[PDB]
Amino acid sequence: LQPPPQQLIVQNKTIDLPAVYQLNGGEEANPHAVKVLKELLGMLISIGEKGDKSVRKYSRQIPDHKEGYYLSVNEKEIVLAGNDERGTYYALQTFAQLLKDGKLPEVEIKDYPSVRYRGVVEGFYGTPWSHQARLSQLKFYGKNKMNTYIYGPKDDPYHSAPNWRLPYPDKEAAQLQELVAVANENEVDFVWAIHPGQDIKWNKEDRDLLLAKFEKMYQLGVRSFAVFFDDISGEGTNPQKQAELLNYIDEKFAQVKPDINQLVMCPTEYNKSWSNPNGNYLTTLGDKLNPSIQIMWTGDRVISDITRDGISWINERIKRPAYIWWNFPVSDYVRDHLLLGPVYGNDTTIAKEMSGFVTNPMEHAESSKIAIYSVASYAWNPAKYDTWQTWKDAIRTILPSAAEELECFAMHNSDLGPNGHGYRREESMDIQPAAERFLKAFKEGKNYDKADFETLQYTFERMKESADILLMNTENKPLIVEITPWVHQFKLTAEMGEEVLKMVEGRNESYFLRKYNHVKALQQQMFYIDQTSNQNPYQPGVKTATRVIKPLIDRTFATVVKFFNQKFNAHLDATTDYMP
Ligand SMILES: CC(=O)N[C@H]1/C(=N/OC(=O)Nc2ccccc2)O[C@H](CO)[C@@H](O)[C@@H]1O
């Protein structure tokens with residue numbers, strides 16, 4: 001079960017789905033919950049929210065938390081009872097995972113989230129997600145009990161400057177409506193952010209243009225709103241004025257409409273390291289900002305994990321629980337890397353200390369679903385959060401037809417490499433022991449272990465199988481299109497590894513020289529891809545398996561060439577990263 005329920009009691013009995021059933025509460029329960037139930041399928045099934053006639057028998061079982069639910073399956077009846085309408089929907093999300101093979105286990109579940117707001121902020125620089133991608137995301141949040149989507153792509157001119165003031169054109173507008181209607185159906189809060197800080201005038205006019213923009217987004221059906229003040233310059237940075245503006249928005253707008261849910265903001269100082277030692281900023285905000293208004297926070301740095309010391313430090317100042325904006329798996333400062341590793345580093349005991357937890361994803365929507373599924377799991381029930389297990393579960397969910405292959409590829413595409421934000425991740429941990437147990441031996445003339453060589457050749461053989469199976473998969477075509485330049489580079493990396501190992505078990509000079517020449521050419525092919533694919537202006541190219549595997553292959557090539565240049569006393573160039 002993903003996310004893991006707060007409480008679960010499992011009997012050993014399994015039951016069949018009923019061919020003949022009695023629906024009680026169909027006309028009372030959340031229609032988005034009842035339409036899933038009718039999708040999924042006499043015997044009583046009881047469905048509703050606390051207060052509904054149909055679940056009255058059970059109100060003591062339904063947890064007293066928003067988005068909570070009680071779910072029961074046994075011989076005689078099935079209970080799907082939420083504390084609120086969203087909790088009935090969530091009961092059904094859990095219910096659809098229990099049901100495998102037209103069969104259910106006998107179970108009892110009490111569930112609710114540990115964090116109030118959970119989801120995704122599309123808040124990266126680079127190509128905004130396509131519309132079909134966003135639709136896909138929204139159903140995905142639904143399924144994973146994520147209830148927040150903050151739409152705020154830095155590169156949308158109608159969200160950022162200069163045209164935050166201007167309403168969307170008709171087509172973009174109608175697409176934003178559809179999205180809103182899909183979010184609704186999937187129990188997600190579509191949160192429309194605006195980013196006006198860079199050119200805003202603290203006058204009546206601009207503050208009214210901002211309200212007139214919000215009003216227009218309201219007419220297309222938006223019910224939650226955010227105001228972003230990050231990465232801006234000038235008079236737009238004064239916290240008194242931000243507070244007075246957001247308070248104005250809260251009182252003249254959010255408090256005047258019948259149904260506005262979230263009102264969020266992003267401070268100009270949004271991580272410890274970016275907060276002015278000598279200044280007033282964050283405590284001014286915590287003092288002056290209406291208590292209902294959320295304040296976003298990235299950690300001790302732009303890129304960073306959320307610790308207990310870190311969350312306490314910000315909470316003391318903003319006088320409320322920080323709303324986490326977690327910059328992972330975002331890659332907009334390492335656009336030549338894919339970050340498909342597990343989600344970890346965040347303290348699991350601090351749920352009470354945060355209002356929300358959102359992930360800034362990659363411009364690759366589907367590749368992002370690995371972290372998004374994991375963040376969904378972490379924020380719902382952090383106490384039961386299992387990094388590695390959820391990661392594998394994410395992969396099995398995205399790509400069941402080739403899960404083993406995506407896991408292989410994803411294991412070796414996790415690290416960021418050195419970067420402007422100094423943030424790194426584990427990579428290729430499984431094969432690491434063998435890697436070093438080879439190269440430390442090899443370097444100083446010491447004979448390697450059979451089992452190390454074989455694990456490495458195994459590794460390389462498996463990378464190739466994985467890459468080729470992945471390129472040809474039609475179950476998740478959009479995922480495959482995103483990752484294809486890296487699947488190619490990943491394969492040349494494995495091929496180069498095999499050929500370098502053949503140089504080590506190197507039979508005879510001519511054979512040696514053949515492999516030598518094949519290596520130099522495989523490397524030229526990687527430069528070719530690195531210089532023709534993904535040619536963005538920031539970090540052009542395609543890097544893969546960079547933390548462990550490429551340096552193993554590189555360092556080993558230099559070494560065997562070196563040993564040949566002593567045995568036969570030769571000219572052979574010992575480098576690989578020569579440059580065009
Ligand atoms: C709240 C936040 O993270 N804001 C932006 C953000 N801003 O980062 C910086 O401004 N970094 C930076 C700027 C100048 C000098 C050093 C780092 O970082 C994220 C990941 O790069 C972006 O996706 C976000 O849009």
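Just follow the structure's listing: the first ligand is 1, and inside any ligand the first atom is 1. One is the number of the first residue; the rest follow in order along the sequence. When reading the values below, keep in mind they use all heavy atoms of this one structure, side chains included, and skip hydrogens, waters and symmetry mates.
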Which residue, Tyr141, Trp380, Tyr112, forms the ring-ring contact (aromatic ring centres under 6.0 Å, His included) with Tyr90?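 One option only clears the test, and that one is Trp380.
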When you look at NZ of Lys288, are more than 12 heavy atoms from neighbouring residues, nucleotides or ligands closer to it than 6.0 Å?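 Result for NZ/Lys288: open.
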Residues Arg308 and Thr349: side-chain donor-acceptor under 3.5 angstrom: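 Yes, because at least one side-chain N or O of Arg308 sits under 3.5 Å from a partner of the opposite role on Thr349.
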Under a 3.5 Å distance rule, please check whether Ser130 uses its side chain to pair with a backbone N or O of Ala133 as donor and acceptor.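 Side chain of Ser130 to backbone of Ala133: a pair is present.
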So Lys216 and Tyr168, do their side chains get closer than 4.5 Å, heavy atoms only?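 They are not in side-chain contact.
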Ligand 1 N/O to protein N/O, distances under 3.5 Å:
{"unit_1": "ligand 1", "atom_1": "3 (O)", "unit_2": "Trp325", "atom_2": "NE1", "d": "3.4"}
{"unit_1": "ligand 1", "atom_1": "3 (O)", "unit_2": "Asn327", "atom_2": "OD1", "d": "3.4"}
{"unit_1": "ligand 1", "atom_1": "3 (O)", "unit_2": "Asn327", "atom_2": "ND2", "d": "2.9"}
{"unit_1": "ligand 1", "atom_1": "4 (N)", "unit_2": "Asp230", "atom_2": "OD2", "d": "3.1"}
{"unit_1": "ligand 1", "atom_1": "7 (N)", "unit_2": "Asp231", "atom_2": "OD1", "d": "3.3"}
{"unit_1": "ligand 1", "atom_1": "7 (N)", "unit_2": "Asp231", "atom_2": "OD2", "d": "3.0"}
{"unit_1": "ligand 1", "atom_1": "7 (N)", "unit_2": "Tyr270", "atom_2": "OH", "d": "2.9"}
{"unit_1": "ligand 1", "atom_1": "8 (O)", "unit_2": "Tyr270", "atom_2": "OH", "d": "3.3"}
{"unit_1": "ligand 1", "atom_1": "11 (N)", "unit_2": "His421", "atom_2": "NE2", "d": "3.1"}
{"unit_1": "ligand 1", "atom_1": "21 (O)", "unit_2": "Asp332", "atom_2": "OD1", "d": "2.7"}
{"unit_1": "ligand 1", "atom_1": "23 (O)", "unit_2": "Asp332", "atom_2": "OD2", "d": "2.9"}
{"unit_1": "ligand 1", "atom_1": "23 (O)", "unit_2": "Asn360", "atom_2": "ND2", "d": "2.8"}
{"unit_1": "ligand 1", "atom_1": "25 (O)", "unit_2": "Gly123", "atom_2": "O", "d": "2.6"}
{"unit_1": "ligand 1", "atom_1": "25 (O)", "unit_2": "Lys154", "atom_2": "NZ", "d": "3.0"}

Sequence-distant partners of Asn163, side chain to side chain contact (heavy atoms under 4.5 Å, CB included), two or more places apart: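 Partners of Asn163 under the side chain to side chain contact (heavy atoms under 4.5 Å, CB included) test: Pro157, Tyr158, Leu166.
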